[PDB]
Amino acid sequence: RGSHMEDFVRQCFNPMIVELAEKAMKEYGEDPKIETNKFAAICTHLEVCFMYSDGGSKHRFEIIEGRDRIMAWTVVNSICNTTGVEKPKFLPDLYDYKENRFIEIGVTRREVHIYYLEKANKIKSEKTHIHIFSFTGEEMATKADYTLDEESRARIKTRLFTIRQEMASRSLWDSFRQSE
Ligand SMILES: COc1cc(CCNC(=O)c2[nH]c(-c3ccc(C(F)(F)F)cc3)nc(=O)c2O)ccn1
Ligand SMILES: [Mn+2]
Ligand SMILES: [Mn+2]
C-alpha cells in the first residue's frame, strides 16, 4: 500500500522520530503503512514533545513519551517515589523538575478548548498539567501557566503551521483534519 501520506511523513519528520512513531504504533496493533493520518499525528506529537523538552533549562524536564511502556512507567515510579508526587492514572508526556509536576502535551486539528476538556475528563485526579497546541497556532494550559518561554512556544506553533501548510500543498491536509 503505497500512499502519498506515508512518503510525506517520512520526508517531513526526523528519521528517529519516524522510528519511534513506528514502534509505538505497532506496539498498539496499528499499521503505519495503511493508517497514515494517525502515523502523521503520532510523529507530530512526538516532535512537539521533544521540542518542548528542549525549552527551558537543561536538567529541567524528564521525557516520558517516546519510551517503551515498561521503562516509561519505571521512570514515572522513580519520579513519584523520590519526589512524593501522586502517581498518575495514565502515562503522561514529560515531568517538570522545576515545578514538580507531570505535563500532558496535546496536539489537535480542532478547537483547543474541546481537546483540553476531553483530556481533562479522563484524569480525574487532576494534579498533572495539560498543555494543548493547535494546528492553527494557539494553545491553552492549566491555570493559564504555559510553563515555557514565549519564544519556545512560538517555535512549536510555527512548526505546526509549517507542517499543516506543507500537507495542504500536497492536498493531504483535508483528509488529515477530517480524520481526528
Ligand atoms: C492512544 O493510542 C495510541 C497510544 C500509543 C502510546 C501511548 N500514547 C500516548 O501517550 C499519547 N497518544 C496520543 C495520540 C494517539 C493517537 C492519536 C491519533 F492517532 F488518533 F491521531 C492522537 C493522539 N496523544 C497524546 O497526547 C499522548 O500522550 C501509541 C499509539 N496509539
Ligand atoms: Mn503520552
Ligand atoms: Mn500527549
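What counts and what doesn't
Residues numbered from 1 in each chain as written, not as in the entry; some residues may be left out. Chains lettered and ligands numbered in written order. Heavy atoms only, no water. Residues with missing side-chain atoms left out of burial classes, pairs and counts. Helix = DSSP H or I, 4+ residues; strand = E, 2+ residues; numbered from the N terminus. Rg over C-alpha atoms; globule rule 2.2 N^0.38 Å. Contact = heavy atoms within 4.5 Å. Donors = N, O, S within 2.8 Å, 3.2 Å for Na, K, Ca; no water. Buried < 20%, exposed > 50% of the residue type's maximum accessible area, 1.4 Å probe, protein only. Tetrahedral: all angles 85-135°; square planar, octahedral: opposite > 155°, others 65-115°. Salt bridge = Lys/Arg side-chain N within 4 Å of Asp/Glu carboxyl O. Core = buried A, V, L, I, M, F, W, Y, C linked by side-chain atoms within 4.5 Å.

Enquirer: Any chance you could explain the overall build of the protein here in plain terms?
Expert: Assigned secondary structure in the protein consists of 7 helices and 5 strands. Taken from the N to the C terminus, the helices and strands of the protein come in the order α-α-α-β-α-β-β-α-β-β-α-α. Taking 180 residues into account, the globule formula puts the C-alpha radius of gyration at 16 Å, and the protein, at 16 Å, falls close to it. Its C-alpha atoms give the protein principal-axis dimensions of roughly 50 × 30 × 30 Å. Here the analysis covers contacts within the protein between residues at least 6 apart in sequence; of these, 60% occur between residues at least 24 apart.

Enquirer: Looking at this structure, I do not really get the coordination of the manganese ion (ligand 2). What am I missing?
Expert: Expected angles at a metal are 109.5 degrees for tetrahedral coordination by four donors and either 90 or 180 degrees for octahedral coordination by six donors. Distances from the manganese ion (ligand 2) to its protein donors, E65 (OE) and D93 (OD), fall within 2.1 to 2.2 Å. If you look at the manganese ion (ligand 2) and the manganese ion (ligand 3), they sit 3.8 Å from each other and are both ligated by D93. On the criterion of sequence distance, the pair formed by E65 in the loop between strand 1 (61–63) and helix 4 (69–83) and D93 in the loop between helix 4 and strand 2 (94–96) is long-range, its members being 28 residues apart. According to the relative accessible area criterion, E65 is partly exposed, its value standing at 28%.

Enquirer: How should the coordination of the manganese ion (ligand 3) be read in this particular structure?
Expert: Those protein atoms acting as donors to the manganese ion (ligand 3) are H45 (NE2), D93 (OD), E104 (OE) and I105 (O), and they sit at 2.1 to 2.4 Å. Considering all 6 donor atoms around the manganese ion (ligand 3), angles at the metal cover 77 to 177° and the coordination shape is octahedral. Counting residues between consecutive donors of the manganese ion (ligand 3) along the chain gives the motif H-x47-D-x10-E-I.

Enquirer: Looking at this structure, how should I read the pattern of salt bridges?
Expert: Close approach of charged atoms lets side chains of opposite charge pair. Tallying each qualifying case throughout the model produces 12 salt bridges. Counted as one network, the salt bridges with shared partners bring together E6, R10, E22 and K33.

Enquirer: Looking at this structure, how should I read the environment of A21?
Expert: Residue position: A21 is located in helix 2 (residues 15–27). C-alpha separation for the pair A21 and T83, spaced 62 residues apart in sequence, amounts to 30 Å. Beyond its immediate stretch of four places on either side in the chain, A21 contacts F39, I42, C43 and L46.

Enquirer: Help me understand the nonpolar core, please; the structure alone is not making it clear to me.
Expert: Most often, soluble globular proteins have nonpolar side chains that are buried together. Counting residues in each nonpolar core, the largest one holds 32 residues, and the members touching the most others are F13, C43 and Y52. Counting only elements with at least two residues in this core, the list comes to helix 1 (4–12), helix 2, helix 3 (36–54), strand 3 (101–108), helix 6 (150–169) and helix 7 (173–177). Considering every element that reaches this core, the biggest residue donor is helix 3, with 8 residues. Each residue touching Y52, except ones within four places of it in the same chain, is listed here: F61, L94, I103, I105, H131, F133, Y146, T147, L148 and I156. Formed by 9 residues, the second largest nonpolar core is a distinct cluster that contains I79, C80, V85 and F102.

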